[PDB]
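First the structure, in the form of structure tokens, and then the observations on it.
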Amino acid sequence: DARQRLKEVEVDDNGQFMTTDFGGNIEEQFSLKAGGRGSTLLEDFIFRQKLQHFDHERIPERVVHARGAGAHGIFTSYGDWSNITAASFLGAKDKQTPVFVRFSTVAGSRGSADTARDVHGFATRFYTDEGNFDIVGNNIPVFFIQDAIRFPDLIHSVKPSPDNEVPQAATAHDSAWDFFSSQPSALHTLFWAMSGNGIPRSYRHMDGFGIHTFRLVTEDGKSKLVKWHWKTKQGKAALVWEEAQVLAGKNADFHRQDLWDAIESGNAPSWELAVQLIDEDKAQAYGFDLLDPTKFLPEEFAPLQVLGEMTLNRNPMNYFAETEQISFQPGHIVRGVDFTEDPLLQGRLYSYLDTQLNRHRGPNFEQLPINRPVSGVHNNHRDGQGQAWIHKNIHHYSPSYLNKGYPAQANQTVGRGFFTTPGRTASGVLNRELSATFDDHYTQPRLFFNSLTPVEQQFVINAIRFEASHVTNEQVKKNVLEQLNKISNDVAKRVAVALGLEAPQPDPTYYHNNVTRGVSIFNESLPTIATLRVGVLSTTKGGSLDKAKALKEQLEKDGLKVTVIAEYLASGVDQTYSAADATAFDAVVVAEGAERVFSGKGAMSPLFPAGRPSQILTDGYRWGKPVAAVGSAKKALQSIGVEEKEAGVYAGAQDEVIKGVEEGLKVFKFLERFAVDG
Amino acid sequence: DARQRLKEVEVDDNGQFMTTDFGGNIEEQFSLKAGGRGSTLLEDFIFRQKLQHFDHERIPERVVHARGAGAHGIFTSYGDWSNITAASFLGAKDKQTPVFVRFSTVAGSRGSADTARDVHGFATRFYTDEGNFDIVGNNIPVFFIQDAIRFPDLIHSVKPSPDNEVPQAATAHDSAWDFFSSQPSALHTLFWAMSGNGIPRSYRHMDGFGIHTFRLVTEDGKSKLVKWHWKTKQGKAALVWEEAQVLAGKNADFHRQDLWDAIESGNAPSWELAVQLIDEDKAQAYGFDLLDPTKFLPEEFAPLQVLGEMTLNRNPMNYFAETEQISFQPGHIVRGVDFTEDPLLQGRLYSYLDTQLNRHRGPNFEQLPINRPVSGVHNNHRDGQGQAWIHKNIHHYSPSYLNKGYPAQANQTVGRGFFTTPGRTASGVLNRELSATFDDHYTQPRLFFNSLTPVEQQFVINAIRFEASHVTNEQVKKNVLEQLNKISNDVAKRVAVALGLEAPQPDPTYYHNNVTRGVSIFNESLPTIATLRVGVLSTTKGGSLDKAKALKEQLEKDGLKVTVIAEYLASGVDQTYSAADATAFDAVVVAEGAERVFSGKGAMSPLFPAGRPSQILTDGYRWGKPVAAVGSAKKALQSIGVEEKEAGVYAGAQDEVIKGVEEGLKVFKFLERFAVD
Amino acid sequence: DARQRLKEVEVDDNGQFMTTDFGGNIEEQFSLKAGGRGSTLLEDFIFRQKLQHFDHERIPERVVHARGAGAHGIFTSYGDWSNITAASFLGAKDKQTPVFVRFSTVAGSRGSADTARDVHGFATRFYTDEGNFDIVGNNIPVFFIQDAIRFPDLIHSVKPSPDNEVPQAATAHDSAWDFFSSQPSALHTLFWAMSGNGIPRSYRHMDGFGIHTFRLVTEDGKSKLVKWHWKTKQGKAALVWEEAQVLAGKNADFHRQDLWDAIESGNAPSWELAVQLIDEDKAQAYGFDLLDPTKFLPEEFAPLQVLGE
Ligand code: HEM
Ligand code: HEM
Ligand code: HEM
């Protein structure tokens, strides 16, 4: 159990009497009053201690990535990696380390929808035996800006307008596109966020990246440049925008519920930790600067080397105490890892420590159970708000005769201390500049765009079209088109259509036809369909329900999550049509007989909104899902103009339908149903 | 060990490598720099996590009683008190309950002197098996004001002036005496503070009081009005003002060190917990209203019943984590105790809960190790800053089918829940008034003053003379005299001499000659002299030191703490003359031979300030201490004009001197050395 | 008036009726009760708004230099110093700039005595027309330690023992002298604190020092190394220890009252601002490194040059 160490702070209230926070059994359902219909007394200490605690429950949300959810798990090293790093969690084959991971969006406040379009956070803590080591990453390998000092500028621009606080969790507004076009570094991350990476199917279907180049350091002090990757074993998958929008309203908790359910059902998700490793002398060798976080290193120049595997297999017991309170920091580093002079990373080191002072209202947040390391804390720090320990050493300073030199200094040679890469040097003038090697903001967005399938490219074009059309200022729209044109004239032209503007003439400076592997989502089938959801549309009349039970039983034996839907909660029904929506499912199947709810009187119950069963099948089809109908239920497919012969559409007997649906779920989205320009 | 439950949060760093606060071994003595003589890097995470924790060390001091010290101990019940109270900790003979007690002044900030003149706090927590019970009391049985809404006024007035933040830890300024005279209720507590209670010898030598009338309540709901008393087993003792002032400078930590040392030396202090119990129907029968916290109940009318004993026998391990962070509340009440309609107490209930939000910056301060009960916390409270637990019950509400009714309601009949006294009633109009039963502000101050010895009375008088003479506004001084005159024309006249004013003509309204036992200090000799301090003035020349060592050994066998003083730290010398002051000691003895440092060049070594030895003996004598000189050292006494025949002055052979000093220490202060008007 | 800008936030209560903090006139000397001798009512909003504000009056004291006092004033430049610095407040003869200065001890908490033996703070803010400029200085020109990472160690060692919190406002205890002897860089500041600088007669009788070498930079980007000095026009004066101890008990407020009274009586204190100027190529010319804050620069090598008052 990855949560084992947290057991000593767990509190069980079953079989107990109610108490105050200072002990003493009480009742707390009536205010103390002066007379039968009298005023409440100030001396009601019970009322005040209960309401005070309630009045003070909230803490500030994260300044970014406020909306998210997480889980505990175990990382297992596949090897002794001492030849590349001194890091203890990677020091032996099969070595296990507890982890906690939180996934998130970026812009939205705490109750905003999971399926907003946004960059996503993918933050991992390794509770190693040499300190907490955090890889605070995203589901996208590049970031918007090149110097951390511009972070408040980027974030102010994407978050709601400060006059009216509109719009929630969206970049589809004037200020965001003003910034993206005024600060062209942002274009690469923008293209990723406008692709499937912006609207992923689940946290479990995301890759993760540390983005920055870091250093791995061996005991002897030799270093290699490194990029961290998390490769999902569930495969990458994404929604379509028109679906993501409805899902935002039908279930704002889609991703947090997905993760929660997969873990409770014994379908713990896994990722492999992989690295790209290059020599220090390769920093500027690949057509860009490895200190520049707006570029990624194509796998063709440095392949992924898999180091181990992380599996998330325990949900938290209390979301607030665990998920909400956990405090990640890129500054949480251990012996065997070091920073690079990435100007974005450099500033992060400051920001994450500092911001905890606001979020936790004090300096002792590392003492919180979810934040505590497993490896022991020994230093001369004392006092501070909420100090939870009692220190035995009264000689709380170094150097000192009186404490006999304890706690002692550790370094590269003694006590496995942290050490900065010994060969790192500084040279030149102090400067408030960036290197000219950072200047190409256009080649890699083009590389990314080139490496998507034609329909994936259309999705990127259509996301930009949707978003940019919300921009009220004409000149900002023109600015956006000018910047897009430096990446691809075709992209600019196709976006300009939606905006009713003329794209600038081609500017070939940065155009190219190069492609790189592994950045596409829809181009590869899923390696497993376990946990994928099948909505089975049935009815309470006749024999549909019994056949739906049989369909469900078969699908579930093959790892699927099945919801039987009907007009009311009859035996064997999981959900009502009133409560159902296509956004909740990965595949939609009409059980035989259920065709009666697609036309005629069966479609007109006061138990569900008009057209509801037809709408679910319609949404399912148009959003590219596998859709199907058993036997006479083909009439339902016919009712919405969908033909049996189409890809991702299945009819016939339960056996043909099950096999076809399961094969379609590997494809996941049928992209032939989406129109492409021309 | 009273601190037993705290062991699990204790952190031993011996034999360990330095780490960050998130684990990982480090060095932290050099900032990471860009080049040999280069600038410090922002990426030095080690530097920033260390300095950030340092930068954020301080928390707000207590809004009052900021300056204080505490210790852990055990309370033991002398009986099964179930016939008067359902309170568990009083429920059986020999039953033991861990305590923590903090003593304090009132006005001063965190670093102000222990021996400022002030009311003193005496706050006790019982970590009972039915919740934390706090008796948050003072060393004086009455308070300045009659309604809690007036607390900020009182407190603003005694604390430093808000333009210049002067004076520290003192009521000797215009605004305080303006308040004392504008709000006559304040006069009773004022008199106590101007007596020995304002400058106690140590925390161990104070009595304590709950001040308010509370209620004890039996299981069947029967109630008694109750006053809490703590009776020191060390005896009451006090300083004189001219001594307290020097001590405030020589050792601001005099009381906290005294408590620390007594406990470390195995001389744990004790107090007996005692109560006066009053029938509800007699709340207004003793010449005042028992809901009025500016009055005490003379023990002649209601003697003390002794419930048990508490002994403070463990010092904290970390002062900040334990003493500074502990959060007392009069709202910390348990089954078997209830409140009364004392308007002062009523408002405190709100104020102590609220103030913790400032001091601890969040709502989970009861989760700090020093604040946690030992009896277990089960409720539907969740979240808040610093939430340190992980709650298992996901159905965090009541009533509920899903949680099977747990945590469950407790009341008078089920689960030993708290219950308000059955039969307490309300009656009459909602009002912003005070009963007219509260209106007599002068009779008890007069009763108090009547009950002091003549020299103790002079002490009160001289304290008012000293304080009132600092008042710059002439009319405020006149206002003060007018109020004092309502208490006693003699007091007013005697104070008026110092102020160069004419005391008003007698106003006989409130004058009386009644007296009450037990409010005095200097009249009764001490029950023990253990822990008391003897300073032995010696010299590195000749054989004086060897004789000092023998003196020291005899005295120590008898339980005294002895400091042998000389020009420098030779073998057997505990303190240099440069480091020594008479304020540190309860008695001063000149060893034979040391008379050499009391005149001539012997009295002016570069090793101490000129006259230092004579000053110590002189101070010790003028402040009323036992002083002594062995053999030829009586020359020291002669040099300062002190005669061997005087009370509290002992000369002769060692045996004789030791016997004498030990008897004098019991008397503690020799009051005949202080002139009376 | 140096405090002129603060006038708009000053609140006058003369002749006014009592109110809550949200307005509305009130009385606030009696709690609202249920009956004549009754319990206080939760609905007494007046009682709670008043006590809540009282309950929350305190803020944390400064982690160091907690005990201190200050005053407002005016700095006047004696010249146009554009040839040594671009700094606006030094840019013209007779140019005036408002200041505020806080003097302090170091170790003691807020209520501790003025006349404890300690290093003293001397922090000046110039409210210049190009931003606030602070010289956060001490009355001793050198500091105990050479690297800021060691500050918690220094300060823990001189502050009270963490078990009993003894002694207040004093270095006269084991941990301090353990640190001074374990970290010999501390010896220079120690000697100054053991001299009259440790027990000055008044704030008005102290010199002040920026301690560190800073740079003055002209418009063209050329720089000079600089040491900041404040020279008291009242002269330096000190107590003797045995006197300082008694005074700590007799008047803890000796220094803050001295400054207050001097200003109130029209005897405003003055300090001349003076600098030592050093060419960049002479950083290591004088027997030590000017980047090292545990050494000062002898006036024989670089005379004090007065810039203003
Ligand atoms: C490669 C670039 C970046 C990545 C991969 C990244 C990723 C993340 C993630 C995943 C979180 C949420 C952690 C959680 O789940 O609690 C987060 C939060 C945060 N980020 Fe970053 N971010 C980046 C850039 C920056 C920069 C440049 C700054 C500031 C200079 C910054 C400041 C913050 C702050 C203050 C938080 C809130 C932390 C907290 O309240 O605990 N981020 N970031
Ligand atoms: C019988 C009258 C009173 C007594 C015996 C008394 C006693 C005490 C004591 C001993 C302390 C210090 C507790 C400790 O050592 O930490 C204290 C603190 C305090 N008192 Fe009282 N006091 C009285 C009146 C009041 C009133 C009327 C109020 C407000 C309505 C009040 C508000 C406070 C507050 C806010 C604190 C700070 C507590 C903390 O920060 O933990 N006191 N009092
Ligand atoms: C040349 C060395 C130093 C000098 C001259 C100096 C001077 C001062 C002065 C005068 C103050 C009080 C300002 C006031 O009146 O409010 C102060 C406060 C302070 N000092 Fe320093 N100090 C020095 C070294 C350090 C170092 C090395 C650190 C930490 C790296 C430090 C951290 C602080 C902090 C945190 C405060 C509290 C400031 C506040 O709360 O507003 N000091 N120092």
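Ligands are counted one by one from 1 in listed order, and the atoms in each one are counted from 1 as well. The basis for the numbers below is simple: all heavy atoms, side chains too, and nothing from hydrogens, waters or symmetry mates. Just so we're on the same page: letters track the sequence lines, and every chain starts at 1.
Less than 4.0 angstrom separates atom 40 (O) of ligand 3 from at least one non-hydrogen atom of the protein.
Remark: distances from the non-hydrogen atoms of A/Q329 to ligand 1 are all 4.0 Å or more. Assignment of B/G68 to the shell around ligand 2 is not supported, since no heavy atom sits closer than 4.0 Å.
For atom 10 (C) of ligand 2, the nearest protein heavy atom (residue, atom name, distance) is B/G137 O, 3.2 Å. Nearest protein heavy-atom neighbour of atom 27 (C) of ligand 1: A/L344 CD1, 3.5 Å. Closest to atom 37 (C) of ligand 2, if we only count protein heavy atoms, is B/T355 CG2, 3.9 Å. Looking from atom 1 (C) of ligand 2 to the surrounding protein, the closest heavy atom is B/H212 NE2, 3.3 Å. Looking only at protein heavy atoms, the nearest one to atom 13 (C) of ligand 2 is B/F328 CD1, 3.8 Å.
Between C/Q146 and C/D292, the side chains place a donor N or O and an acceptor N or O closer than 3.5 Å (distance only, hydrogens not considered). A/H65 and A/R102 share no donor-acceptor pair across their side chains, judged by distance under 3.5 Å alone. Side-chain atoms of B/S31 and B/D44 include no donor-acceptor pair closer than 3.5 Å. With no hydrogens or angles considered, a side-chain donor-acceptor pair links B/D354 and C/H56 at under 3.5 Å. Looking at B/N132 and B/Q329, their side chains never bring a donor and an acceptor atom within 3.5 Å of each other.
Taking every non-hydrogen atom of B/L51 and a distance limit under 4.0 Å, the qualifying atoms of ligand 3 come out as 29 (C), 30 (C). Listed by atom number, the atoms of ligand 2 under 4.0 Å from B/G347 heavy atoms are 30 (C). Annotation for ligand 2: atoms under 4.0 Å from non-hydrogen atoms of C/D55 are 35 (C). Within ligand 1, the atoms closer than 4.0 Å to a non-hydrogen atom of A/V63 are 34 (C), 35 (C), numbered from 1 in the order shown. Residue-ligand proximity, A/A148 to ligand 1, at heavy-atom distances under 4.0 Å covers atoms 30 (C). Short contacts between ligand 2 and B/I211, defined as distances under 4.0 Å to a heavy atom of the residue, involve ligand atoms 1 (C), 5 (C).
Of the listed options B/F54, C/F143, C/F209, C/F143 places a heavy atom closest to atom 23 (C) of ligand 3.
Distances between N or O atoms of B/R62 and those of ligand 2 include at least one value under 3.5 Å. Checked by distance only, ligand 2 and B/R102 come closer than 3.5 Å through their nitrogen or oxygen atoms. When only interatomic distances are considered, the shortest N/O to N/O separation between A/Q356 and ligand 1 falls below 3.5 Å. Residue B/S327 has no N or O atom closer than 3.5 Å to an N or O atom of ligand 2.
Salt-bridge check for C/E28 with C/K50: passed, with a basic side-chain N closer than 4.0 Å to an acidic carboxylate O.
A distance below 6.0 Å separates the ring centres of C/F296 and C/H188.
The number of heavy-atom neighbours closer than 6.0 Å to OH of A/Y350, taken from other residues, nucleotides and ligands shown, is 12 or below. Counting non-hydrogen atoms of neighbouring residues, nucleotides and ligands closer than 6.0 angstrom, the CD1 atom of C/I59 reaches no more than 12 such neighbours.
Using cut-offs of 30° and 60° on the angle between ring planes, the pair C/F54 and B/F151 is perpendicular. C/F209 and C/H229 have perpendicular rings, their planes meeting at more than 60° on a 0 to 90° scale where under 30° would count as parallel.
Looking at C/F122 against ligand 3, only its backbone comes within 4.0 Å, counting heavy atoms. Looking at B/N138 against ligand 2, both its backbone and its side chain come within 4.0 Å, counting heavy atoms. For C/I145, no heavy-atom contact with ligand 3 is shorter than 4.0 Å.
No side-chain donor-acceptor contact under 3.5 Å links B/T124 to the backbone of B/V101. B/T355 places a side-chain N or O within donor-acceptor distance of the main-chain N or O of C/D55, the cut-off being under 3.5 Å. Between the side chain of C/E61 and the main chain of C/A66, no donor-acceptor pair closer than 3.5 Å is present. Judged by distance alone, with hydrogens and angles left aside, the side-chain atoms of A/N139 form a donor-acceptor pair with the main-chain N or O of A/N197 at under 3.5 Å.
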Test side chain to side chain contact (heavy atoms under 4.5 Å, CB included) applied to B/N371 and B/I326, step by step: CA-CA 6 Å; B/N371 287 325; B/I326 196 174; 3.6 Å; yes
Evaluate side chain to side chain contact (heavy atoms under 4.5 Å, CB included) for B/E324 paired with B/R110, printing each intermediate quantity in order. CA-CA 10 Å; B/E324 188 65 18; B/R110 274 221 303 146; 3.6 Å; yes
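If you look at atom 21 (Fe) of ligand 2, the protein N, O or S atoms less than 2.8 Å from it are B/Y352 OH.
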